[PDB]
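Q: Experimental structure and sequence below.
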Amino acid sequence: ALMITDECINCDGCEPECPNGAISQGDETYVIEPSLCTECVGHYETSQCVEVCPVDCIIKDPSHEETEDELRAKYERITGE
Ligand code: SF4
Ligand code: SF4
């Protein structure tokens, strides 16, 4: 999963880009719910939130390091099949 750092400027741009609804507004920044963050695998070849973030404050979360398979499995759990 990814995380949003303290450098987030609360621009609102990443929330509508998440296919899994993993992003919401937090206390001082936007936040990723790691149980919904597939790093976009299954939907897109690259993270959509990273693509729109104006200040590059979306990074791998080292306390949720996931393989492509784990992420895929997560994608399948969220969307079904
Ligand atoms: S990487 Fe993809 S799944 Fe994770 S929060 Fe960003 S847009 Fe959502
Ligand atoms: S796109 Fe980047 S700066 Fe804007 S709300 Fe999301 S994480 Fe914060």
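A: Great, that's in hand. Numbers count the residues shown, from 1 in each chain. Ligands and ions are numbered 1, 2, ... in the order given.
Q: Please identify which helix or strand holds residue 3.
A: Per DSSP states H and E, residue 3 falls inside strand 2-4.
Q: Pull up the pairing partners for that strand, direction included.
A: strand 58-60 (antiparallel) (DSSP bridges).
Q: And the contacts of the very next helix or strand once past the partner strand?
A: Next in sequence after strand 58-60, counting helices and strands by DSSP H and E, comes helix 68-79. If you take Cβ atoms under 8 Å, 6 or more residues apart in numbering as the criterion, helix 68-79 is touched by 20, 35, 36, 38, 39, 41, 42, 43, 66. Every C-beta, even on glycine, is put in place using the N, C-alpha and C of the backbone.
Q: Checking my notes, the fourth one in a strand, right?
A: No - counting by DSSP: H, G, I helix; E, B strand; the rest coil, residue 38 is not part of a strand but coil.
Q: mind listing what it touches?
A: Residue 38 makes contacts with 1, 20, 71, 72, 74, 75, 78, as judged by Cβ under 8 Å, 6+ apart.
Q: a markdown table please, covering those residues and showing distance to ligand 1 and neighbour count.
A: Formatted as a markdown table, those follow (distance: Cβ to the nearest ligand atom, whole Å; neighbours: other Cβ atoms under 10 Å):
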| residue | distance to ligand 1 | neighbour count |
| --- | --- | --- |
| 1 | 6 | 21 |
| 20 | 5 | 18 |
| 71 | 9 | 17 |
| 72 | 12 | 14 |
| 74 | 9 | 21 |
| 75 | 9 | 18 |
| 78 | 9 | 18 |
